[PDB]
Amino acid sequence: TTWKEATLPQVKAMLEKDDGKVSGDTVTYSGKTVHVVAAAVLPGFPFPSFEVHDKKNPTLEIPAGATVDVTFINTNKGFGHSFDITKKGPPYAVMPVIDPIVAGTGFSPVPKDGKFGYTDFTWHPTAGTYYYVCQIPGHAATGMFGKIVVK
Ligand SMILES: [Cu+2]
């Protein structure tokens with residue numbers, strides 16, 4: 001996919017653009033268009049994991065019919081995590097069999113020269129349960145995934 005580069009202050013600014021509301025380990029979105037901003041292993045969080053709205057691998061609740069704008073930022077030095085959406089649930093093998101990927105980013109570039117790679121994609125899901133996972137061998141198997149409920 002097409003990756004762009006952002007400086008640290010830029011990363012901070014984007015993270016706060018997630019318009020979901022957190023409740024426990026759940027982030028609920030509302031409206032015609034929703035904006036999900038996910039990051040791979042923010043400093044201080046467990047490895048390996050995804051952070052959405054400052055929460056570790058939270059369950060995302062999206063209204064059916066809404067246009068989902070996803071922004072994925074890889075803030076983890078040394079690894080090129082991915083954010084791929086599939087219908088296949090856990091447990092995941094070391095080499096996850098999650099085809100077909102409904103929407104996703106593919107492997108991201110590793111942080112370099114004081115910048116972090118990020119990308120944006122749109123998704124118009126049908127009601128159902130999906131999962132966002134990282135395809136780097138072993139990551140999903142060690143907990144790098146979360147659930148998406150479209151209802
Ligand atoms: Cu990963």
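Values reported hereafter were calculated over all heavy atoms of this structure, with side chains retained and with hydrogens, waters and symmetry mates removed. Numbers here simply count residues along the sequence, with the first being 1.
Note on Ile73: it does not cluster hydrophobically with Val133, by side-chain heavy-atom contacts below 4.5 Å among ILVMFWY residues. Linking ILVMFWY side-chain heavy atoms closer than 4.5 Å, directly or via other members, places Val37 and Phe45 in a single hydrophobic cluster. If you chain together hydrophobic residues whose side chains sit under 4.5 Å apart, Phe72 and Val102 fall into the same group. Residues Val70 and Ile101 fall into different hydrophobic clusters, defined by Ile, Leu, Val, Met, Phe, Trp and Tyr side chains chained together at heavy-atom separations under 4.5 Å. Hydrophobic clustering of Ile, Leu, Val, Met, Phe, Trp and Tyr side chains at less than 4.5 Å, counting indirect connections, keeps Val110 apart from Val41.
For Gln135 (side chain) and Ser82 (main-chain N/O), no donor-acceptor pair under 3.5 Å exists by modelled atom type. The main-chain N or O of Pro111 is never found under 3.5 Å from a side-chain atom of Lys115 such that the two would form a donor-acceptor pair. The backbone N or O of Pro109 lies less than 3.5 Å from a partner atom in the side chain of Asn74, making a donor-acceptor pair.
Here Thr119 pairs with nothing under the side-chain hydrogen bond (donor to acceptor under 3.5 Å, both in side chains) rule; sequence neighbours left out. Shown here are the side-chain hydrogen bond (donor to acceptor under 3.5 Å, both in side chains) partners of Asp120, two or more places apart in sequence or in another chain: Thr71. With sequence neighbours left out, the side-chain contact (heavy atoms from CB on, under 4.5 Å) criterion links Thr26 to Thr28, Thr59, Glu61. Every residue meeting the side-chain hydrogen bond (donor to acceptor under 3.5 Å, both in side chains) condition with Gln10, not counting sequence neighbours, appears here in chain and number order: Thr7. Applying the side-chain contact (heavy atoms from CB on, under 4.5 Å) test to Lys151 and every residue at least two apart in sequence or in another chain returns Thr129, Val149. By the salt bridge (charged side-chain N to carboxylate O under 4.0 Å, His left out) test, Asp25 pairs with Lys55, sequence neighbours left out. Scanning for side-chain contact (heavy atoms from CB on, under 4.5 Å) contacts around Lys4 gives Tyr118, with sequence neighbours left out. Taking the side-chain hydrogen bond (donor to acceptor under 3.5 Å, both in side chains) definition, one finds that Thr86 meets it with nothing, sequence neighbours left out. Legend: residues meeting salt bridge (charged side-chain N to carboxylate O under 4.0 Å, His left out) with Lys147, ordered by chain and number and at least two apart, are absent.
Considering only heavy atoms from C-beta on, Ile62 comes within 4.5 Å of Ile148 through its side chain. By the 4.5 Å heavy-atom criterion applied to side chains, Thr105 and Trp3 are counted as neighbours. Side-chain contact check for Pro46 versus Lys56: some heavy-atom pair is nearer than 4.5 Å. Residues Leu60 and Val52 have side chains in contact (heavy-atom distance under 4.5 Å, counting atoms from C-beta outward).
Closest non-hydrogen pair, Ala93 versus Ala141, comes out as O-CB, 4.0 Å. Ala40 approaches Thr75 most closely through the heavy-atom pair O-OG1, 3.0 Å. Here the closest heavy-atom approach between residue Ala140 and residue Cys134 is recorded as CB-O, 3.8 Å. Of all heavy-atom pairs spanning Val150 and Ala64, the tightest one is CG1-CA, 3.7 Å.
Within the structure, ring pair (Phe, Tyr, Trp, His ring centres under 6.0 Å) pairs that include any residue of residues 127-151 comprise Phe47-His139, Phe50-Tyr132, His81-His139, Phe83-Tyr132, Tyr92-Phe145, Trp123-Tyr130 (at least two apart or interchain). Residue pairs meeting the salt bridge (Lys or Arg N to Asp or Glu O under 4.0 Å) criterion with at least one member in residues 81-101, sequence neighbours excluded, do not occur.
Between the side chains of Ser49 and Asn57, not a single donor N or O lies within less than 3.5 Å of an accepting N or O.
Atom NZ of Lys21 has 12 or fewer neighbouring heavy atoms from other residues, nucleotides or ligands inside a 6.0 Å radius.
Hydrophobic side-chain contacts under 4.5 Å tie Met95 to no other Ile, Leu, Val, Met, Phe, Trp or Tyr residue.
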